[PDB]
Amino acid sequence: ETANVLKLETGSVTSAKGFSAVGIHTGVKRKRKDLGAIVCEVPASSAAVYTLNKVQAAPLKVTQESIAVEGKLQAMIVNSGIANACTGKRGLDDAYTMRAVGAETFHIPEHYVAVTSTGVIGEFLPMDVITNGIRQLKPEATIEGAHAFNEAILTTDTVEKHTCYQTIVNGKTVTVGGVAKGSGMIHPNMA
């Protein structure tokens, strides 16, 4: 409207000021990275939408509870390979544990940490592996960090999925970057 919006083909989530990311290989997957985080150096205004499926994975609730406190986050922690879905009370406990261990690792409030999972339904998370893995996460403000994070959220995907657009607001360069995953079980109905 008042300035163009331009696509940056080599940008990602780390192209926006404040953000760092990483992914590592914990061994839930055979080869690919399977645990990652995006973090922000300051509390970031946050918004979310969630599947309306009545069968919902535990971490979606945990993330909603974090965001509900102040509408702000500093970390988003994700594991792939195991959905932590249909895992009942134990699965919910496990999602809270991931959030707590993430808060310790990044030295921020628990309510500034969101967590999620994607992969096999019904399987319980290997919590020694996941929790040790979270403590090793070293986010970097680099394109390599963003790509490592995107790998760490994939399941059946054949490729990473990045985006980045820039525009001007009040004469300031504003950047929107992003990553995604998804290849099967795709018919989103989120709110």
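When you see a residue number, it is the position in the sequence shown, counting from 1.
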property	result
Entry-reported Cα temperature factor of residue 21, expressed as the chain third it lands in	middle
Chain-relative CA temperature factor third for residue 63	lowest
Assigned third (lowest, middle, highest) for the C-alpha B factor of residue 177	middle
Among modelled residues of the same chain, the CA temperature factor third for residue 137	middle
Residue 36 CA temperature factor, ranked by third within the chain	lowest
